[PDB]
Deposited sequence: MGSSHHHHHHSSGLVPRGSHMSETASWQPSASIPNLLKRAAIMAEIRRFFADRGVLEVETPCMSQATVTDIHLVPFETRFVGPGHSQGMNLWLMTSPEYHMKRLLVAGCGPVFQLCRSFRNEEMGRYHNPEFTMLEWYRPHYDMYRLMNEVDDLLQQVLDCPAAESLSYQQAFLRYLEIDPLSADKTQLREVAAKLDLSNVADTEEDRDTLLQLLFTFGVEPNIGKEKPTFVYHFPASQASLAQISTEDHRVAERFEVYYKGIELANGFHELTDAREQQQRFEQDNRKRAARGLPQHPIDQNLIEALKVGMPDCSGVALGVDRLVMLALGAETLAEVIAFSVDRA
């Protein structure tokens, strides 16, 4: 429609977005959470099987042949390194990068709000996220639903026990579960108020600690509202050995799927060996939250220049 040179977001939306950013900063300042800035580029990347990071070449030091750098998909690894270093509760409003096509709710570069809370367990963190959503969105308090309960209610099936065959009614169980969640659960939740889905299957623990009450589940949660996935958080895994092992598992799964394997970030593992204080952390997509807050129809409407015009 508009000529390419124009921003995809209206001037009024840019002003309203700036107000929301300041509101988010006040929210954390009032709770004593320190703001930090970590790298957008790294010598390492993530093994998470669902992400495709951007790659770029750096001239490197002195007389080097040069070196590959990956753009950061989320500031998590560096923030955990800071936690081990004693930074205390911290948040960050950074630009994050993912090599994936632009969509109504996706841009290859987007703003992430990610923060960590030492001594907070998963529920405690969820309540804080709930507070932030109610404030900037002026929406009602959230509903919380366990992954298992979500499946039973909308698909009349138990994801923690259901048979592979039953699920089909793909030999990889999690892909099957994610398929069912994407088309069978997601479209039905967060309609009247934000929905927190917690206690994902152990296999989808990512960097979250496994539940002490039920080994089949991980202390991970995701927030959905008005059809948009808004956040993803964990009671963080502090065991370096298990973390190293999960990254190895990631690469095995990548390989078996014909996906490139990624180097394991040794800086994250060495930090975890030194010791990360027990904590829970969460990452929320700021553009999506702003889009909902401003009544926008697409992410592009709240981003100065979506990639198609950048």
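Enquirer: Note down, first to last, the deposited-sequence stretches for which the model contains no C-alpha atom.
Expert: Missing CA coords at 1-22, 192-204.
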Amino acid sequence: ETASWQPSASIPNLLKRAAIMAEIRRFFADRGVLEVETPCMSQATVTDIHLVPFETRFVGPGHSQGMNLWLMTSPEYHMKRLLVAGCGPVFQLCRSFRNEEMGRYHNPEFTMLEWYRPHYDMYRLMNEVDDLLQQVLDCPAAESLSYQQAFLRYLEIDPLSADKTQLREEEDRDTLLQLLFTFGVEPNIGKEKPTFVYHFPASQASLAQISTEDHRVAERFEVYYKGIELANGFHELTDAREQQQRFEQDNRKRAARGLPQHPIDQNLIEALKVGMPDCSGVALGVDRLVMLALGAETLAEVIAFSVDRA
From here on, numbers count along this sequence of modelled residues.
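Enquirer: Out of 33-41 and 277-285, which one has CA B-factors that are higher on average in the deposited record?
Expert: Stretch with the greater average CA B-factor: 277-285.
Enquirer: Regarding 141-149 and 105-113, which shows the higher C-alpha temperature factor on average in the entry?
Expert: Looking at the recorded C-alpha B-factors, 141-149 comes out higher on average.
Enquirer: Looking at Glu128, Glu76, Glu192, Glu236, which one carries the largest C-alpha B-factor according to the PDB entry?
Expert: Answer, based on the entry's C-alpha B-factors: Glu192.
Enquirer: Which one of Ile269, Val46, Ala255, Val52 shows the biggest C-alpha B-factor in the PDB entry?
Expert: Spelled out: the listed residue with the top C-alpha B-factor is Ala255.
Enquirer: Quick check for you: using the entry's CA B-factors within this chain, is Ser206 in the lowest, middle or highest third?
Expert: For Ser206, the deposited C-alpha B-factor lands in the middle third.
Enquirer: Among the modelled residues of its chain, does the C-alpha B-factor of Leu179 lie in the lowest, middle or highest third?
Expert: Highest third.
Enquirer: Quick one: classify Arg220 as lowest, middle or highest third of the chain based on its Cα B-factor.
Expert: Middle third.
Enquirer: Which third of the chain does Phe97 land in by C-alpha B-factor: lowest, middle or highest?
Expert: Lowest third of the chain for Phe97's C-alpha B-factor.
Enquirer: If you rank the chain by CA B-factor, which third does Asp121 end up in: lowest, middle or highest?
Expert: Tercile = middle for this residue's CA B-factor.
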